[PDB]
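Take a look at this single chain, the form deposited in one PDB entry, given in structure tokens.
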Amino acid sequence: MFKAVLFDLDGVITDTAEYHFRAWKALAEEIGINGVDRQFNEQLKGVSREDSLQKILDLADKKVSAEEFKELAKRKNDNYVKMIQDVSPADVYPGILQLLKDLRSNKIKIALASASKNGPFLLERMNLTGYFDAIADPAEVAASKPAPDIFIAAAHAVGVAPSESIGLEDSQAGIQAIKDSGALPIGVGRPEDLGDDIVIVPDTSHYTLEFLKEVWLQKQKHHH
């Protein structure tokens, strides 16, 4: 039986897409740039802060010094970190809270493998910290997804082998990081985005303890 489940945060437990979009829009109006609307926001999602700020600059071909650039990126981040004060347990995606309870009560290790420096805060906003045995610190991990280190550190932090672990992710880079760590990925999303090879469910309500056991047992049979 698997001994740990390794959770990404964004797109598995919740998302904060409205908060990012609000923060980006506030930043762009402050610097008198227009055209950061919802369709344009689709380009910012999941992208690094620096690349998103560059996309917003190119809307006006505005050029800035490196200190201004760093200042603008921090301004958006400070504003977003203030906005996620309002995250609450009602933001947890369907199926997730019950899955965490079932793992905890089954004594299966639960770890967070998220790139976000806001992971601890967001889990506390959602009243989930009690379920998480460890949170891999993204600052301590030099190589980010699709490199497997964040997931390797997550498995180690709870004292299980990655090969004893299932990883949950909604992004291709995360699915690849889970693969390369040796844990077993179960994607949530579409195979057009995540690949035709892994086990995939369309939405998080499929993430049940019973379904993960089905995927695990079926992986153990594959030998052979």
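Numbers for residues come from their place in the sequence shown, where the first is 1.
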item: Stretch exceeding the other in mean C-alpha B-factor - 7-15, 212-220; value: 212-220
item: 165-173 versus 64-72 - greater average Cα B-factor per the deposited record; value: 64-72
item: Residue of maximum C-alpha B factor among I186, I178, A28, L44, per deposited coordinates; value: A28
item: Largest Cα B-factor, entry values, listed residues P146, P138, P89, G119; value: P138
item: Chain-wide C-alpha B factor ranking for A142, given as lowest, middle or highest third; value: highest
item: Chain-relative CA temperature factor third for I33; value: highest
item: Chain thirds of CA B-factor: placement of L112; value: lowest
item: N127 by Cα B-factor - lowest, middle or highest third of the modelled chain; value: lowest
item: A157 - which third its CA temperature factor falls in, relative to the rest of the chain; value: middle
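Keep in mind that the form deposited in another entry is missing from the display, and what follows is about it.
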{"item": "Pivot point of the rigid parts between the shown form and the other one (hinge, one of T129, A147, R38, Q85)", "value": "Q85"}
